[PDB]
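Novice: Take a look at this one; I'll ask things after.
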Amino acid sequence: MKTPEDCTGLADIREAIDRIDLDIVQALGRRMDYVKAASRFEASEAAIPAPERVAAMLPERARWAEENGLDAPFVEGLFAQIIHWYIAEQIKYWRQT
Amino acid sequence: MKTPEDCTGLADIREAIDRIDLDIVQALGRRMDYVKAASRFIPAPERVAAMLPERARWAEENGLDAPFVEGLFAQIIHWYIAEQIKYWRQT
Ligand SMILES: O=C(O)c1ccccc1O
Ligand SMILES: O=C(O)c1ccccc1O
């Protein structure tokens, strides 16, 4: 995997983009492992959506986006979506267990 | 970070989830560098069309719902295409 400035054409660019997208998928898959592990440390079902934790999480991700040359609303939006889905998945996991 | 099974409480879980979320942001930041580098070689229709099912498959292989993951990548790919177009027009 070449650095962007050493990419010689679109084959190199795409190999690197494929690797980075797969890394993101694999990281989301590991993230689910952690979210499911959380379910045993939840006092109750009402504990799941942990609103102070989520409330703080999104602006922190918006800050990381700004520190990584990305538009904050785009990245904060993506994480709102991921967090929503993972909460729903945790609630599903907690209910079926 | 501890593995999920070795996490002892929500402190451990959160530390690991924050480090993973930071990893994803950092990776998206690197991804932009590649999309901007590509500009000199735009919506590349056949490329997008093939990429999405590939990401759906990776999702299935990592125990995530494919529609949710494919939907995220559809959004990511649209945003980056626009940013590549912006970069190409601005330069
Ligand atoms: O996905 C998360 O990071 C999350 C945050 C707070 C509560 C439940 C969750 O799944
Ligand atoms: O983000 C992408 O993966 C992409 C793919 C094809 C063309 C332009 C792009 O930004």
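A note on labels: chains of the structure tokens are A, B, ... as shown, every chain counts residues from 1, and ligands are counted from 1 in their shown order.
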Counting only C-alpha atoms and all ligand atoms, what residues are within 12 Å of ligand 2, given as a VMD selection string?
Specialist: (chain A and resid 10 to 11 13 to 22) or (chain B and resid 28 to 52 54 to 55 72 to 88)
Novice: Write as a PyMOL selection string the residues around ligand 1, taking 6 Å as the cut-off and counting only C-alpha atoms and all ligand atoms.
Specialist: chain A and resi 35+48-50+53-54+83+86-87
Novice: Give me, as a PDB file with N, CA, C and O atoms, in the first residue's frame, the residues of chain A touching chain B, with the criterion being at most 10 Å (counting only C-alpha atoms).
Specialist:
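The new file selection16.pdb reads:
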ATOM      1  N   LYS A   2       0.753   1.971  -1.132  1.00  0.00           N
ATOM      2  CA  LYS A   2       1.427   3.230  -1.352  1.00  0.00           C
ATOM      3  C   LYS A   2       0.788   4.400  -0.637  1.00  0.00           C
ATOM      4  O   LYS A   2      -0.430   4.425  -0.404  1.00  0.00           O
ATOM      5  N   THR A   3       1.596   5.421  -0.361  1.00  0.00           N
ATOM      6  CA  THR A   3       1.072   6.676   0.158  1.00  0.00           C
ATOM      7  C   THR A   3       0.360   7.423  -0.987  1.00  0.00           C
ATOM      8  O   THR A   3       0.616   7.135  -2.154  1.00  0.00           O
ATOM      9  N   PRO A   4      -0.564   8.343  -0.674  1.00  0.00           N
ATOM     10  CA  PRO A   4      -1.195   8.980  -1.824  1.00  0.00           C
ATOM     11  C   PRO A   4      -0.248   9.571  -2.869  1.00  0.00           C
ATOM     12  O   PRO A   4      -0.539   9.445  -4.063  1.00  0.00           O
ATOM     13  N   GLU A   5       0.825  10.269  -2.421  1.00  0.00           N
ATOM     14  CA  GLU A   5       1.717  10.986  -3.324  1.00  0.00           C
ATOM     15  C   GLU A   5       2.555   9.986  -4.169  1.00  0.00           C
ATOM     16  O   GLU A   5       2.987  10.309  -5.279  1.00  0.00           O
ATOM     17  N   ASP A   6       2.718   8.762  -3.691  1.00  0.00           N
ATOM     18  CA  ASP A   6       3.376   7.714  -4.493  1.00  0.00           C
ATOM     19  C   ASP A   6       2.447   6.807  -5.322  1.00  0.00           C
ATOM     20  O   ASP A   6       2.944   5.936  -6.029  1.00  0.00           O
ATOM     21  N   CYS A   7       1.127   6.975  -5.184  1.00  0.00           N
ATOM     22  CA  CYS A   7       0.202   6.357  -6.130  1.00  0.00           C
ATOM     23  C   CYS A   7       0.455   6.743  -7.574  1.00  0.00           C
ATOM     24  O   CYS A   7       0.536   7.933  -7.900  1.00  0.00           O
ATOM     25  N   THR A   8       0.645   5.735  -8.431  1.00  0.00           N
ATOM     26  CA  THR A   8       1.002   5.973  -9.849  1.00  0.00           C
ATOM     27  C   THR A   8      -0.171   6.083 -10.807  1.00  0.00           C
ATOM     28  O   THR A   8      -0.023   6.536 -11.967  1.00  0.00           O
ATOM     29  N   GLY A   9      -1.336   5.677 -10.331  1.00  0.00           N
ATOM     30  CA  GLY A   9      -2.542   5.733 -11.126  1.00  0.00           C
ATOM     31  C   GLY A   9      -3.677   5.208 -10.266  1.00  0.00           C
ATOM     32  O   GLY A   9      -3.530   5.002  -9.050  1.00  0.00           O
ATOM     33  N   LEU A  10      -4.822   5.020 -10.897  1.00  0.00           N
ATOM     34  CA  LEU A  10      -5.998   4.594 -10.177  1.00  0.00           C
ATOM     35  C   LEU A  10      -5.955   3.184  -9.644  1.00  0.00           C
ATOM     36  O   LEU A  10      -6.723   2.898  -8.771  1.00  0.00           O
ATOM     37  N   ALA A  11      -5.143   2.269 -10.185  1.00  0.00           N
ATOM     38  CA  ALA A  11      -4.994   0.981  -9.553  1.00  0.00           C
ATOM     39  C   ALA A  11      -4.450   1.140  -8.122  1.00  0.00           C
ATOM     40  O   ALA A  11      -4.914   0.492  -7.166  1.00  0.00           O
ATOM     41  N   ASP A  12      -3.414   1.958  -7.983  1.00  0.00           N
ATOM     42  CA  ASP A  12      -2.820   2.124  -6.664  1.00  0.00           C
ATOM     43  C   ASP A  12      -3.806   2.825  -5.746  1.00  0.00           C
ATOM     44  O   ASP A  12      -3.860   2.470  -4.577  1.00  0.00           O
ATOM     45  N   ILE A  13      -4.556   3.808  -6.268  1.00  0.00           N
ATOM     46  CA  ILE A  13      -5.419   4.638  -5.420  1.00  0.00           C
ATOM     47  C   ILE A  13      -6.460   3.662  -4.879  1.00  0.00           C
ATOM     48  O   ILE A  13      -6.886   3.724  -3.765  1.00  0.00           O
ATOM     49  N   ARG A  14      -6.945   2.806  -5.754  1.00  0.00           N
ATOM     50  CA  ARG A  14      -8.128   1.965  -5.392  1.00  0.00           C
ATOM     51  C   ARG A  14      -7.741   0.869  -4.494  1.00  0.00           C
ATOM     52  O   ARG A  14      -8.492   0.497  -3.608  1.00  0.00           O
ATOM     53  N   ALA A  16      -5.544   1.147  -2.179  1.00  0.00           N
ATOM     54  CA  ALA A  16      -5.459   1.832  -0.881  1.00  0.00           C
ATOM     55  C   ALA A  16      -6.859   2.177  -0.353  1.00  0.00           C
ATOM     56  O   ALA A  16      -7.124   2.006   0.847  1.00  0.00           O
ATOM     57  N   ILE A  17      -7.759   2.669  -1.228  1.00  0.00           N
ATOM     58  CA  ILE A  17      -9.124   2.942  -0.775  1.00  0.00           C
ATOM     59  C   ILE A  17      -9.838   1.658  -0.353  1.00  0.00           C
ATOM     60  O   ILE A  17     -10.542   1.630   0.650  1.00  0.00           O
ATOM     61  N   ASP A  18      -9.673   0.587  -1.104  1.00  0.00           N
ATOM     62  CA  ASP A  18     -10.252  -0.709  -0.674  1.00  0.00           C
ATOM     63  C   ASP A  18      -9.767  -1.179   0.665  1.00  0.00           C
ATOM     64  O   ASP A  18     -10.553  -1.695   1.430  1.00  0.00           O
ATOM     65  N   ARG A  19      -8.459  -0.994   0.916  1.00  0.00           N
ATOM     66  CA  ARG A  19      -7.830  -1.441   2.174  1.00  0.00           C
ATOM     67  C   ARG A  19      -8.433  -0.590   3.322  1.00  0.00           C
ATOM     68  O   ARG A  19      -8.793  -1.107   4.400  1.00  0.00           O
ATOM     69  N   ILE A  20      -8.482   0.713   3.117  1.00  0.00           N
ATOM     70  CA  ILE A  20      -9.010   1.656   4.141  1.00  0.00           C
ATOM     71  C   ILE A  20     -10.523   1.359   4.384  1.00  0.00           C
ATOM     72  O   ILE A  20     -10.964   1.353   5.504  1.00  0.00           O
ATOM     73  N   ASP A  21     -11.310   1.185   3.317  1.00  0.00           N
ATOM     74  CA  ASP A  21     -12.714   0.823   3.574  1.00  0.00           C
ATOM     75  C   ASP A  21     -12.857  -0.531   4.294  1.00  0.00           C
ATOM     76  O   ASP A  21     -13.700  -0.679   5.185  1.00  0.00           O
ATOM     77  N   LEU A  22     -12.054  -1.514   3.931  1.00  0.00           N
ATOM     78  CA  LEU A  22     -12.164  -2.782   4.659  1.00  0.00           C
ATOM     79  C   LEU A  22     -11.759  -2.580   6.134  1.00  0.00           C
ATOM     80  O   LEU A  22     -12.330  -3.166   7.008  1.00  0.00           O
ATOM     81  N   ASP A  23     -10.771  -1.744   6.389  1.00  0.00           N
ATOM     82  CA  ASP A  23     -10.319  -1.520   7.750  1.00  0.00           C
ATOM     83  C   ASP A  23     -11.481  -0.924   8.529  1.00  0.00           C
ATOM     84  O   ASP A  23     -11.662  -1.203   9.722  1.00  0.00           O
ATOM     85  N   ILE A  24     -12.245  -0.042   7.862  1.00  0.00           N
ATOM     86  CA  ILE A  24     -13.378   0.616   8.547  1.00  0.00           C
ATOM     87  C   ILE A  24     -14.456  -0.428   8.856  1.00  0.00           C
ATOM     88  O   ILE A  24     -15.042  -0.451   9.922  1.00  0.00           O
ATOM     89  N   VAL A  25     -14.690  -1.328   7.939  1.00  0.00           N
ATOM     90  CA  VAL A  25     -15.701  -2.362   8.182  1.00  0.00           C
ATOM     91  C   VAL A  25     -15.264  -3.292   9.315  1.00  0.00           C
ATOM     92  O   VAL A  25     -16.069  -3.671  10.199  1.00  0.00           O
ATOM     93  N   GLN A  26     -13.993  -3.663   9.293  1.00  0.00           N
ATOM     94  CA  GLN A  26     -13.492  -4.554  10.311  1.00  0.00           C
ATOM     95  C   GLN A  26     -13.575  -3.853  11.673  1.00  0.00           C
ATOM     96  O   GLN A  26     -13.900  -4.510  12.679  1.00  0.00           O
ATOM     97  N   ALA A  27     -13.238  -2.567  11.715  1.00  0.00           N
ATOM     98  CA  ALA A  27     -13.313  -1.807  12.966  1.00  0.00           C
ATOM     99  C   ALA A  27     -14.764  -1.717  13.449  1.00  0.00           C
ATOM    100  O   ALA A  27     -15.004  -1.717  14.652  1.00  0.00           O
ATOM    101  N   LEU A  28     -15.706  -1.522  12.527  1.00  0.00           N
ATOM    102  CA  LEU A  28     -17.145  -1.464  12.935  1.00  0.00           C
ATOM    103  C   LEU A  28     -17.526  -2.836  13.480  1.00  0.00           C
ATOM    104  O   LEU A  28     -18.346  -2.967  14.329  1.00  0.00           O
ATOM    105  N   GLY A  29     -17.006  -3.905  12.881  1.00  0.00           N
ATOM    106  CA  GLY A  29     -17.338  -5.267  13.359  1.00  0.00           C
ATOM    107  C   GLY A  29     -16.749  -5.468  14.765  1.00  0.00           C
ATOM    108  O   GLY A  29     -17.416  -6.070  15.616  1.00  0.00           O
ATOM    109  N   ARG A  30     -15.534  -4.929  15.035  1.00  0.00           N
ATOM    110  CA  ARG A  30     -14.950  -5.055  16.392  1.00  0.00           C
ATOM    111  C   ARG A  30     -15.776  -4.173  17.359  1.00  0.00           C
ATOM    112  O   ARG A  30     -16.014  -4.538  18.521  1.00  0.00           O
ATOM    113  N   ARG A  31     -16.285  -3.057  16.835  1.00  0.00           N
ATOM    114  CA  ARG A  31     -17.035  -2.128  17.665  1.00  0.00           C
ATOM    115  C   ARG A  31     -18.302  -2.792  18.174  1.00  0.00           C
ATOM    116  O   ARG A  31     -18.731  -2.564  19.326  1.00  0.00           O
ATOM    117  N   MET A  32     -18.952  -3.577  17.325  1.00  0.00           N
ATOM    118  CA  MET A  32     -20.095  -4.334  17.739  1.00  0.00           C
ATOM    119  C   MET A  32     -19.779  -5.328  18.853  1.00  0.00           C
ATOM    120  O   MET A  32     -20.584  -5.481  19.743  1.00  0.00           O
ATOM    121  N   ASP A  33     -18.646  -6.015  18.764  1.00  0.00           N
ATOM    122  CA  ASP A  33     -18.175  -6.890  19.859  1.00  0.00           C
ATOM    123  C   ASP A  33     -18.166  -6.126  21.199  1.00  0.00           C
ATOM    124  O   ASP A  33     -18.520  -6.694  22.236  1.00  0.00           O
ATOM    125  N   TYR A  34     -17.739  -4.869  21.186  1.00  0.00           N
ATOM    126  CA  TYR A  34     -17.624  -4.086  22.436  1.00  0.00           C
ATOM    127  C   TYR A  34     -18.982  -3.682  22.900  1.00  0.00           C
ATOM    128  O   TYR A  34     -19.303  -3.756  24.095  1.00  0.00           O
ATOM    129  N   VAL A  35     -19.807  -3.212  21.942  1.00  0.00           N
ATOM    130  CA  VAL A  35     -21.198  -2.875  22.311  1.00  0.00           C
ATOM    131  C   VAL A  35     -21.963  -4.060  22.921  1.00  0.00           C
ATOM    132  O   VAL A  35     -22.738  -3.884  23.877  1.00  0.00           O
ATOM    133  N   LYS A  36     -21.787  -5.250  22.368  1.00  0.00           N
ATOM    134  CA  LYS A  36     -22.467  -6.435  22.928  1.00  0.00           C
ATOM    135  C   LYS A  36     -21.898  -6.796  24.318  1.00  0.00           C
ATOM    136  O   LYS A  36     -22.649  -7.143  25.198  1.00  0.00           O
ATOM    137  N   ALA A  37     -20.574  -6.708  24.488  1.00  0.00           N
ATOM    138  CA  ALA A  37     -19.900  -6.860  25.846  1.00  0.00           C
ATOM    139  C   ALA A  37     -20.473  -5.902  26.874  1.00  0.00           C
ATOM    140  O   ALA A  37     -20.601  -6.259  28.025  1.00  0.00           O
ATOM    141  N   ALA A  38     -20.943  -4.746  26.426  1.00  0.00           N
ATOM    142  CA  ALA A  38     -21.477  -3.701  27.332  1.00  0.00           C
ATOM    143  C   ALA A  38     -22.743  -4.125  28.055  1.00  0.00           C
ATOM    144  O   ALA A  38     -23.021  -3.677  29.202  1.00  0.00           O
ATOM    145  N   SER A  39     -23.491  -5.002  27.388  1.00  0.00           N
ATOM    146  CA  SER A  39     -24.804  -5.376  27.836  1.00  0.00           C
ATOM    147  C   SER A  39     -24.736  -6.012  29.222  1.00  0.00           C
ATOM    148  O   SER A  39     -25.632  -5.843  30.013  1.00  0.00           O
ATOM    149  N   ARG A  40     -23.655  -6.692  29.578  1.00  0.00           N
ATOM    150  CA  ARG A  40     -23.604  -7.239  30.957  1.00  0.00           C
ATOM    151  C   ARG A  40     -23.363  -6.184  32.086  1.00  0.00           C
ATOM    152  O   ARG A  40     -23.553  -6.501  33.261  1.00  0.00           O
ATOM    153  N   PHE A  41     -22.956  -4.963  31.720  1.00  0.00           N
ATOM    154  CA  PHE A  41     -22.627  -3.903  32.669  1.00  0.00           C
ATOM    155  C   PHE A  41     -23.712  -2.846  32.623  1.00  0.00           C
ATOM    156  O   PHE A  41     -23.482  -1.692  32.995  1.00  0.00           O
ATOM    157  N   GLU A  42     -24.871  -3.234  32.107  1.00  0.00           N
ATOM    158  CA  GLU A  42     -26.045  -2.348  32.022  1.00  0.00           C
ATOM    159  C   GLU A  42     -26.968  -2.704  33.159  1.00  0.00           C
ATOM    160  O   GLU A  42     -27.466  -3.822  33.228  1.00  0.00           O
ATOM    161  N   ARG A  53     -23.537   9.749  27.811  1.00  0.00           N
ATOM    162  CA  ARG A  53     -22.410   9.234  27.068  1.00  0.00           C
ATOM    163  C   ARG A  53     -22.586   9.601  25.580  1.00  0.00           C
ATOM    164  O   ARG A  53     -21.653  10.130  24.944  1.00  0.00           O
ATOM    165  N   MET A  57     -20.334  12.076  23.056  1.00  0.00           N
ATOM    166  CA  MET A  57     -19.605  11.363  22.002  1.00  0.00           C
ATOM    167  C   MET A  57     -19.588  12.042  20.647  1.00  0.00           C
ATOM    168  O   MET A  57     -18.576  12.040  19.920  1.00  0.00           O
ATOM    169  N   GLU A  60     -17.317  15.067  20.283  1.00  0.00           N
ATOM    170  CA  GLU A  60     -15.929  14.618  20.326  1.00  0.00           C
ATOM    171  C   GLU A  60     -15.532  14.106  18.948  1.00  0.00           C
ATOM    172  O   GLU A  60     -14.454  14.418  18.468  1.00  0.00           O
ATOM    173  N   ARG A  61     -16.399  13.284  18.334  1.00  0.00           N
ATOM    174  CA  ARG A  61     -16.144  12.854  16.920  1.00  0.00           C
ATOM    175  C   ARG A  61     -16.098  14.009  15.905  1.00  0.00           C
ATOM    176  O   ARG A  61     -15.347  13.971  14.983  1.00  0.00           O
ATOM    177  N   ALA A  62     -16.948  15.019  16.087  1.00  0.00           N
ATOM    178  CA  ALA A  62     -16.921  16.245  15.254  1.00  0.00           C
ATOM    179  C   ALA A  62     -15.532  16.869  15.437  1.00  0.00           C
ATOM    180  O   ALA A  62     -14.870  17.212  14.447  1.00  0.00           O
ATOM    181  N   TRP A  64     -12.674  15.337  16.307  1.00  0.00           N
ATOM    182  CA  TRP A  64     -11.722  14.532  15.579  1.00  0.00           C
ATOM    183  C   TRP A  64     -11.761  14.712  14.074  1.00  0.00           C
ATOM    184  O   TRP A  64     -10.724  14.647  13.399  1.00  0.00           O
ATOM    185  N   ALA A  65     -12.957  14.906  13.531  1.00  0.00           N
ATOM    186  CA  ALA A  65     -13.047  15.183  12.111  1.00  0.00           C
ATOM    187  C   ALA A  65     -12.265  16.462  11.695  1.00  0.00           C
ATOM    188  O   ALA A  65     -11.467  16.432  10.753  1.00  0.00           O
ATOM    189  N   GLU A  66     -12.458  17.533  12.459  1.00  0.00           N
ATOM    190  CA  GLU A  66     -11.761  18.804  12.265  1.00  0.00           C
ATOM    191  C   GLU A  66     -10.264  18.641  12.398  1.00  0.00           C
ATOM    192  O   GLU A  66      -9.489  19.323  11.741  1.00  0.00           O
ATOM    193  N   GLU A  67      -9.845  17.762  13.274  1.00  0.00           N
ATOM    194  CA  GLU A  67      -8.414  17.470  13.400  1.00  0.00           C
ATOM    195  C   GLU A  67      -7.895  16.544  12.296  1.00  0.00           C
ATOM    196  O   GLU A  67      -6.712  16.467  12.068  1.00  0.00           O
ATOM    197  N   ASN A  68      -8.793  15.927  11.537  1.00  0.00           N
ATOM    198  CA  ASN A  68      -8.396  15.101  10.407  1.00  0.00           C
ATOM    199  C   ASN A  68      -8.751  15.602   9.034  1.00  0.00           C
ATOM    200  O   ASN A  68      -8.797  14.826   8.042  1.00  0.00           O
ATOM    201  N   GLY A  69      -9.025  16.913   8.916  1.00  0.00           N
ATOM    202  CA  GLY A  69      -9.269  17.497   7.603  1.00  0.00           C
ATOM    203  C   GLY A  69     -10.594  17.117   6.967  1.00  0.00           C
ATOM    204  O   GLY A  69     -10.721  17.171   5.749  1.00  0.00           O
ATOM    205  N   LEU A  70     -11.596  16.809   7.789  1.00  0.00           N
ATOM    206  CA  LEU A  70     -12.899  16.398   7.346  1.00  0.00           C
ATOM    207  C   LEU A  70     -13.943  17.364   7.856  1.00  0.00           C
ATOM    208  O   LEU A  70     -13.842  17.900   8.940  1.00  0.00           O
ATOM    209  N   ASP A  71     -14.986  17.519   7.074  1.00  0.00           N
ATOM    210  CA  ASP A  71     -16.126  18.301   7.494  1.00  0.00           C
ATOM    211  C   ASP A  71     -16.762  17.672   8.745  1.00  0.00           C
ATOM    212  O   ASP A  71     -17.213  16.523   8.718  1.00  0.00           O
ATOM    213  N   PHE A  74     -20.549  16.102   8.406  1.00  0.00           N
ATOM    214  CA  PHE A  74     -20.569  14.843   7.665  1.00  0.00           C
ATOM    215  C   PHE A  74     -20.187  13.710   8.650  1.00  0.00           C
ATOM    216  O   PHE A  74     -20.902  12.741   8.813  1.00  0.00           O
ATOM    217  N   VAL A  75     -19.121  13.890   9.363  1.00  0.00           N
ATOM    218  CA  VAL A  75     -18.604  12.828  10.266  1.00  0.00           C
ATOM    219  C   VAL A  75     -19.476  12.709  11.508  1.00  0.00           C
ATOM    220  O   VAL A  75     -19.850  11.626  11.883  1.00  0.00           O
ATOM    221  N   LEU A  78     -22.497  10.706  10.368  1.00  0.00           N
ATOM    222  CA  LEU A  78     -22.193   9.315  10.244  1.00  0.00           C
ATOM    223  C   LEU A  78     -22.160   8.638  11.576  1.00  0.00           C
ATOM    224  O   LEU A  78     -22.693   7.508  11.734  1.00  0.00           O
ATOM    225  N   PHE A  79     -21.556   9.283  12.566  1.00  0.00           N
ATOM    226  CA  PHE A  79     -21.550   8.650  13.840  1.00  0.00           C
ATOM    227  C   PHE A  79     -22.920   8.672  14.515  1.00  0.00           C
ATOM    228  O   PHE A  79     -23.232   7.737  15.208  1.00  0.00           O
ATOM    229  N   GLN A  81     -25.660   8.082  13.018  1.00  0.00           N
ATOM    230  CA  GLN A  81     -26.203   6.893  12.401  1.00  0.00           C
ATOM    231  C   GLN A  81     -25.622   5.615  12.996  1.00  0.00           C
ATOM    232  O   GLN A  81     -26.346   4.685  13.304  1.00  0.00           O
ATOM    233  N   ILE A  82     -24.312   5.537  13.130  1.00  0.00           N
ATOM    234  CA  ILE A  82     -23.702   4.321  13.652  1.00  0.00           C
ATOM    235  C   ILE A  82     -24.187   4.151  15.082  1.00  0.00           C
ATOM    236  O   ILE A  82     -24.545   3.029  15.511  1.00  0.00           O
ATOM    237  N   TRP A  85     -27.615   2.822  15.335  1.00  0.00           N
ATOM    238  CA  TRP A  85     -27.801   1.435  14.915  1.00  0.00           C
ATOM    239  C   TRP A  85     -27.312   0.482  15.970  1.00  0.00           C
ATOM    240  O   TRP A  85     -27.917  -0.558  16.233  1.00  0.00           O
TER     241      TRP A  85
END
Novice: Could you please determine the separation between atom CA of residue 58 of chain A and atom CA of residue 76 of chain A in Å, to one decimal place?
Specialist: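 We find that atom CA of residue 58 of chain A and atom CA of residue 76 of chain A lie 5.8 Å from each other.
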Novice: In Å, with one decimal, what is the gap from atom CA of residue 93 of chain A to atom CA of residue 15 of chain B?
Specialist: 21.1 Å
Novice: Check chain B with DSSP on the backbone and list each residue it calls alpha helix (DSSP H), as a ChimeraX atom specification.
Specialist: /B:10-38,45-61,66-90
Novice: Would you work out the distance separating atom CA of residue 89 of chain A from atom CA of residue 44 of chain A, expressed in Å to one decimal?
Specialist: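 Between these atoms lies a distance of 15.2 Å.
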